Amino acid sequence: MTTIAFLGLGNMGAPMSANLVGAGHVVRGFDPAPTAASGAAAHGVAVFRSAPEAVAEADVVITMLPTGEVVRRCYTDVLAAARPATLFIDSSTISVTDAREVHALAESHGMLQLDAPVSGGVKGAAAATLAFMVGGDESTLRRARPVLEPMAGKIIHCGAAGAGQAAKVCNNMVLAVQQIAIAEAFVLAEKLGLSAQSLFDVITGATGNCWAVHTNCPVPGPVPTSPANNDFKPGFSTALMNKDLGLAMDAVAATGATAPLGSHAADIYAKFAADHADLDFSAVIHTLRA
């Protein structure tokens, strides 16, 4: 039982914080959107007037914020407010470059810091089945584990600061490429006269099998739980995939890496996001049918 400041109580933060309260932690919340703050208070978060106040008497500070810029600003606002050697955990999804900058800033203030971005979305968040991909020192992670367990299905140490962000962004780039490639196969099958069911049974039993087909099948019928069967309601929204791909492209640009299919997929998803940011990212299949 530790005291945790939780900054950012939106679609991910609210359920995350609720599980922390359920596990017996004292949770001190801040979010400048009062609706978010109010919903969090209903589940037992003690809500404060400012982020400096929420942080003041905390052993651990979790951030679950929309961008690198917001995390940077938040750190600048609160780090001096925190007690020395408080443990900061950023579970936001932000660029590797931003992650390393904020990490260095936290340490220069005498604070411990990890990046621990997550996968699982809101459903995973509410069920406490999120995967945390953690960058930082192993000993810091050991100190953090009791805080992360109540929110987590999996905790994976990926390397030094920034490696949680790196591993996530690498996986999600691959996933985007796979989701388009699956969609392309299914439309080509359709034009060849190969049924959706038959293609599904082949690919899933063969070398092409992957989550994008076996769980996220972009045509209705073979996997009745996939978004194609429910008007492409997310699931994992195109807006979010497009955000993660922007971060992957930031990583490519910062490294001079060559990612021809990854950047092609980023370009496809940025166009699809303009009009279909609200549909599950499997809905990119629409762009392949005339």
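Start at 1 with the first residue shown and count on from there.
- A summary of the deposited B-factors shows that, of 70-78 and 136-144, the stretch with the larger mean C-alpha value is 136-144.
- Between the stretches 152-160 and 87-95, it is 152-160 that shows the larger average CA temperature factor.
- Note on 261, 254, 247, 61: the highest value goes to 254, judged by CA B factor as recorded.
- Among the modelled residues of its chain, residue 110 has a C-alpha B-factor that falls in the middle third according to the deposited record.
- In the deposited entry, the Cα temperature factor of residue 265 sits in the bottom third of values across the chain's modelled residues.
- Placement of the Cα temperature factor of residue 13 within the chain: lowest third of the modelled residues, per the deposited record.
- Split the chain's modelled residues into thirds by C-alpha temperature factor. Residue 29 is in the lowest one.
- Residue 125: CA B factor lies in the middle third for its chain, per the PDB record.
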